[PDB]
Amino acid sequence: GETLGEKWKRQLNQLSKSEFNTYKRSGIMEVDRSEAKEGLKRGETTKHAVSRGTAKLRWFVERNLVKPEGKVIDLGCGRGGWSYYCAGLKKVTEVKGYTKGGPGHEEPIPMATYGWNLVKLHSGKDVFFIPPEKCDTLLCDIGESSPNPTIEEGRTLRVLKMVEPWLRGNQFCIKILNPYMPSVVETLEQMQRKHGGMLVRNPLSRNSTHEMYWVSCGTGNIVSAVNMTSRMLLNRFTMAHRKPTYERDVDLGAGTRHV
């Protein structure tokens, strides 16, 4: 009597490599990253978003699902995609990004995109072990995938326990790696009651992950959101019209900001 999400995961893990590669992009929204990738390889530091993450966060911001403002803390900042984007938003006054260093983990990329001077990224900073800090906006994009959904479940619950102390009177956008397991749904219901917001599927996410984001603005039934996302993902395995929808990548400009 598994959840629809569990049914999706078992089916995903049964795909061949070619099937997986076709499925992951079927009918998704996608930014053309060729130009940014080539530029970044050449050491270019203006205009380019450092990752696909900038476009993901832009989608939420454009729809007023999160409204970054004041002091922004970005947990699991990686290369800095979310941080460099927030740096260009009018209401943002400072951005601090923290990420885990080490082999196999992405390190921050120094960039000169608009508002770069308001951003301080720091590697070698495992957020599970640091004290929470006051901020006006809390972003978190942590959650490592695994073919084992119980491992993802444990990762998601650990992230949720970790972020809660950082939430008080502030905007937020937090990745929920595995939102479909019963303990996670229940945890999310409790945290939504305590801190508000809603759970949303980003159309730029690949079909190979069931990730959803808990955003501070709006409200909605979490069980419905999760189940409708699971149904969509299950239905995409045998999608008749699977062409992705392409959008231009984000241009983050250049120059310092004065607040």
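Sequential numbering from 1, following the sequence displayed.
Here 136-144 and 162-170 are compared by their mean Cα B-factor, and 162-170 comes out higher. The mean Cα B-factor in the deposited entry runs higher for 31-39 than for the other of 224-232 and 31-39. You'll see in the entry that, of 115, 179, 104, 110, the Cα B factor peaks at 104. Compared with the other modelled residues of the chain, the Cα B-factor recorded for residue 150 ranks in the highest third. Among all modelled residues in its chain, residue 122 ranks in the middle third by Cα B-factor.
Ranked within its chain, residue 216 lands in the lowest third, by CA B factor from the PDB record.
When the modelled residues of the chain are ordered by C-alpha B-factor, residue 192 sits in the lowest third.
Residue 91 sits in the highest third of its chain by CA B factor, as recorded in the PDB entry.
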